[PDB]
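J.: Mind having a look at this structure? Questions to follow.
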Amino acid sequence: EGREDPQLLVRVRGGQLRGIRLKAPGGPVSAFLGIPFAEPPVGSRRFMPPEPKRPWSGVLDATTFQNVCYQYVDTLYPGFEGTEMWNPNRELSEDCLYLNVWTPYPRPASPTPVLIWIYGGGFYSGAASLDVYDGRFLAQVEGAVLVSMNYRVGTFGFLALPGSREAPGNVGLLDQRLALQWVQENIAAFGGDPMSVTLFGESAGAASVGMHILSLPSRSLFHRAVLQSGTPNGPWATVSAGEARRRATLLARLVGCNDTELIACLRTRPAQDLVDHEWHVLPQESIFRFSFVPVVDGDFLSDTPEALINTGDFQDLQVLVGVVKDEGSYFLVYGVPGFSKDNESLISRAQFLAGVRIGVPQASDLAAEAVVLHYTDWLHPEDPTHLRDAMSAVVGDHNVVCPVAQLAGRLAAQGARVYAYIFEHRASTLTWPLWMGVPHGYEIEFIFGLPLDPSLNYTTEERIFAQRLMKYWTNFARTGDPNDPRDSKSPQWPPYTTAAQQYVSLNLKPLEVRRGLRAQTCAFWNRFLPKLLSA
C-alpha cells in the first residue's frame, strides 16, 4: 500500500481486503466485491453444508464480482432484455460462495443499519451481481450499508437425501446463514451496525427470508425482514422429505447413478450433467414448481412453514411484505399453451382448463373444477380476454398473493408488526406486452433506485418514485416503520392487521390505503382448497 486509496483498505476476520470507489449519480460509494465467506463447496464438498472461509494472506482484491453459482440458463427469448436481465453475468462455477458490500464513501463514522439482499430465481438460478441488485444507489442516497451473497442453487444447493450425512438438504439456506454470520462478525469493519440488520429478498429470496424467520439459529442474525413476492409457506417453497428423497434418487438414476454410494456417485458427475437433468424430476407438468427447493428436514425447518407460522411467537418481529399487480403473467408465457409475449394471448376456454391443470399440478379433478368455477366469469364464460386474465390471476393468486395474505395474517395475529403493499407501477422502460401488466420481479429496479441513473431512460416521475420507495425501505430498516417520522404531510402507511387488513398501493400517486388482500378469493385458496384436496 502507501500509493493506494486509504479509504478502500479494510480488514475482516479472514484477512485484508481492497475495495473500489464507484461512481453513483450523486457521488462516490465504496464497494467490496467478491469477498469469500466459505470454503469453495467443490469436490467432496458438493451437497455438503458450507465450511467457514479459512483466512488468506496478503490483500484480497475485492474490486470485481465473483463467480455465479452453477445453474440452468433460460434461453426462451434470446437477446430479449426481458429475460436476459436475470441471466448470469459472471462465469458459472461451483466455487461461488462470495458476497458483496456497498457503503457510503468515505465509510460511515457511526454504525449504520445494514440491509442484506437475498436474490430469487426459483431456487435454481440467481446471482448477487446482476445490475438490478446494484447497491450503489441505496448506499449513496440513503447512506445504507448493503450486503448481498451468492448461495448455491439447484441440485448443488438443494438436493437432499433427508437423514443422510452427505446430502442433508437446505445447504443453500445454510450458505445464506453463514453469510448472515459473516455480517455479524465483520460488518462493523465497514461502519455497519450488526445490531440493526434487515433481510430483504424477492421471490425465492423472499421465501428464503421467511425460512430464516422460521429457523431458530437464524433468528439471532437479523432484526427485521422484507418479503417481496414470496413466502416460506405455499405450494412451491418447500417439499416434504419423502418427495425430496424421491427427486434426488430419480435424478441420480437419470445421470447414471445406500445413500453414501449414491451421493458419492453424484459427486463424480460434472456440474452440467446435474443441471441438464434437474428439471426432469417433477411429478407433473407444471409452472411455478421447481425440482430442488428447501426441504422440511426437521432440522433447519422443524415443521412445515404452515405449522411454524400457526404456532410461532413473532412478538419482536417487524415485517414488510407485498406483491406486484400481476404476479401470474410472467410464468404463463413460459409454460402454458396459448400464451406468448409476442401476441395478445387470447385463449379459449379449453386452453384455460388445460392451463389450470398445469398451474395447479397437485389438484384432483374436483379441485381443478372448483378453481375453474371460481375464476370463470359466468356472464362471459367463453370470452378470450377474461380467460387470459383469469389464468394469470389463478397462477399469481395460488402461488404468491394468497400465501402472502396468509402469512401477513398469521404473523400479525401473533405479535409481528406487519406492513403490506401492492406494487402497481409498470416501468416505462418495460419490454413485456401490456397485457402482462406489472409482472413478477419488476419492482426490484425501483426499490434499488436504478431510475436515479440518468443513462437509464426512466421518466422523471419514475425518479421521484424510486426515491420514495428507497425511503420506505430504509426507514423500515432503520426503525421497523416505513413512514417518515418527520414528514406528516405525506399520507401514512398503517400496519396490516387481522381486524382491518390494510395495505398500501405503491405507484406514481401518493400512498392510498386499501383493505383486504384478495380476501374473498384467498379464503378459497387458503381455507377451502386444503379441505377439498384431502377428501
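Residues 32-288, 296-573, in that order, are what chain A shows, numbered as in Swiss-Prot.
Technique stated in the header: X-ray crystallography, 2.5 Å.
Keep in mind that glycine also has a Cβ here, set from the backbone N, Cα and C atoms.
Among the features that Swiss-Prot reports, active site, acyl-ester intermediate is placed at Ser234. The annotation active site, charge relay system is assigned in Swiss-Prot to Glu365, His478. As annotated by Swiss-Prot, disulfide bond applies to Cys100-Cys127, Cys288-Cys303, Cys440-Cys560. Per Swiss-Prot, the feature N-linked glycosylation site maps to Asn296, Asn381, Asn495.
Have a look at these and tell me how they're positioned relative to everything else.
T.: According to DSSP, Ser234 (active site, acyl-ester intermediate) sits in a coil region rather than a helix or strand. Sequence-distant contacts of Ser234 (active site, acyl-ester intermediate), defined as residues of its own chain at least six apart whose C-beta falls under 8 angstroms from its C-beta, comprise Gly151, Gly152, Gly153, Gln259, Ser260, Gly261, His478, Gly479.
Under DSSP, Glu365 (active site, charge relay system) is assigned to coil, being neither helix nor strand in the three-state scheme. In sequence order, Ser260, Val433, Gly434, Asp435, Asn437, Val438, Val439, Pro477, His478 are the residues of the chain that are 6 or more apart from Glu365 (active site, charge relay system) and have a CB within less than 8 Å of its CB.
Taken residue by residue with DSSP, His478 (active site, charge relay system) is part of neither helix nor strand, so it is coil.
Neighbours of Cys100 (disulfide bond), defined as other CB atoms within 10 A of its CB across all chains, total 29.
In the three-state DSSP classification, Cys303 (disulfide bond) falls within a helix.
In this structure, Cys560 (disulfide bond) is part of a helix by DSSP. Around the Cβ of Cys560 (disulfide bond), the same chain contributes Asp435, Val439, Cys440, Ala443, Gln444, each under 8 angstroms and 6 or more positions distant in sequence.
For the recorded site, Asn296 (N-linked glycosylation site), the DSSP three-state label reads coil.
A C-beta separation below 8 Å, combined with a sequence spacing of at least six in one chain, links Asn381 (N-linked glycosylation site) to none of the other residues. Annotation note: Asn381 (N-linked glycosylation site) sits in a coil segment as assigned by DSSP.
According to DSSP, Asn495 (N-linked glycosylation site) sits in a coil region rather than a helix or strand. The Cβ of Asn495 (N-linked glycosylation site) lies under 8 Å from the Cβ of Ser466, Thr467, each of which sits 6+ residues away along the same chain.
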J.: Of the recorded positions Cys288, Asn296, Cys303, which one has its Cα closest to the Cα of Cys100 (disulfide bond)?
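T.: For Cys100 (disulfide bond), the spatially nearest of the recorded positions is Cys303.
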J.: Sort the recorded positions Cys288, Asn296, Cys303 by C-alpha distance from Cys127 (disulfide bond) and give me just the closest.
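T.: Out of the listed candidates, the nearest Cα belongs to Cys303.
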J.: Between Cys288 and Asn296 the model skips 7 residues. Roughly how many angstrom lie between the two CA atoms, to the nearest whole number?
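T.: Spelled out: 7 residues absent, and the flanking Cα atoms 11 Å apart.
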J.: Distance between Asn296 (N-linked glycosylation site) and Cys303 (disulfide bond) at the Cα atoms, whole Å?
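T.: So the Cα of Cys303 (disulfide bond) lies 11 Å away from that of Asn296 (N-linked glycosylation site).
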J.: DSSP on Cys100 (disulfide bond), three-state: which is it?
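T.: Once the DSSP labels are grouped into three classes, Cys100 (disulfide bond) ends up as strand.
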J.: Count the Cβ atoms, other than its own, that fall within 10 Å of the Cβ of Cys440 (disulfide bond), considering every protein chain shown.
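T.: Total other Cβ atoms inside 10 Å, all chains included: 27.
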